[PDB]
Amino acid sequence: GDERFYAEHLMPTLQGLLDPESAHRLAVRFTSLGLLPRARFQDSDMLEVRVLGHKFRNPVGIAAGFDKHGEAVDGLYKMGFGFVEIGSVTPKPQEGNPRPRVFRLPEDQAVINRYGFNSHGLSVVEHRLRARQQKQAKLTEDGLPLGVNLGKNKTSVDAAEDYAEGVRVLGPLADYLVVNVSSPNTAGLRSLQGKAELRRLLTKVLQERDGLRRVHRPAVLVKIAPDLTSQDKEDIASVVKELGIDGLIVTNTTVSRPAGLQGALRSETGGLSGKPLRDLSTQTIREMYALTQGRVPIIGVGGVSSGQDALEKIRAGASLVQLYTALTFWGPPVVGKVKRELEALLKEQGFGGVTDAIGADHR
């Protein structure tokens, strides 16, 4: 009903009128004001997950990039997301790359983007989170946590110091922090996933984090690329277990262009998201879960647009999942649809809940 109206009528009209960045800006604006109707789906108890020192009412979150600046957090919970990740946020304000910088590939159910960390900056985001801070403390207690994804300024010399600044400013306002070292659109950023660079970076991050007061102390997760060599992945797993990193977000967008893409804009520079990323992302979750012996919580992200997609990542090793690109094609009804189908699939496969399904393929 509502799924068909968005998918077949409203979204093709929106795509026909507005460029993808303009449509994104309108989506953030409409979501922030609460103009969308409240999600009718009540989450069952079997969707509840306990991870990262928090209850999650459902395991389906909004991935970083949709709400870069912390403008639409409450509207995103109203849509039925079990958790919200804002960002990436850089220390100073910066504009990002020149337009055009977002591209639809509707034949692939994919997006390519090269935003380049457009960000209002830490100070603006700080004050915005402060204004609704006690509302968030209640939401978190009710099972609706907030993640903050940290990035690096384009012109910064010391990358670790950009991330350190992010921990000090927004760590107190977050349930979890994400060290994004996997954007394909900032020069040299993915080099930070290498063993020695990563160990130095995360030592400094965890130290800054441990210096926060206990009640204001977030979990620290590392967000990784889907384009890593076997050597890179094994090295990340090692660094993560050595330092006691709280989790992994698996994965960012891909710089690959899989055989079979049909979209006219497939050769645009940027990160590819959506359906062509999906199995590449699931396999990365599979490998990272095995290398970490199932002891490091994974948030699974990349081409989730259904209950099956979510459950494949969960079973591969993900404790929670995120989606973004699916929202650009199917609209807000995708959130309810993913959760409803997940719940049905868990019952069909003999799982009492999400928790029982996590890493089930490895057993």
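Note that residue numbering follows the sequence shown and begins at 1. Rigid core (definition): largest C-alpha set, two forms, superposition within 1.5 Å.
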Once everything is fitted on the core, do the CA positions of 323 to 331 or those of 30 to 38 lie farther from the shown form in 9 other deposited structures of this protein? 30 to 38
Taking C-alpha RMS after core alignment, which stretch differs more from the shown form in 9 other deposited structures of this protein: 7 to 15, or 20 to 28? 7 to 15
Using only the Cα atoms and their B-factors as the entry lists them, report which of 133 to 141 and 184 to 192 averages higher. 184 to 192
May I ask you to compare 160 to 168 and 259 to 267 by their mean CA B factor in the entry and name the higher one? 160 to 168
Selection by C-alpha B-factor (highest) of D210, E107, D246, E287: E287
Based on the PDB entry, the highest CA temperature factor among the options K313, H69, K55, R29 is that of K55
Within this chain's modelled residues, let me know which third the CA B factor of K92 belongs to: lowest, middle or highest. lowest
Position of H9 among the chain's modelled residues by C-alpha B-factor, lowest, middle or highest third: highest
Chain third (lowest, middle, highest) by recorded CA B-factor, residue given as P37: highest
Modelled-residue ranking by C-alpha temperature factor, third containing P218: middle
How does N252 rank on Cα B-factor within its chain, lowest, middle or highest third? lowest
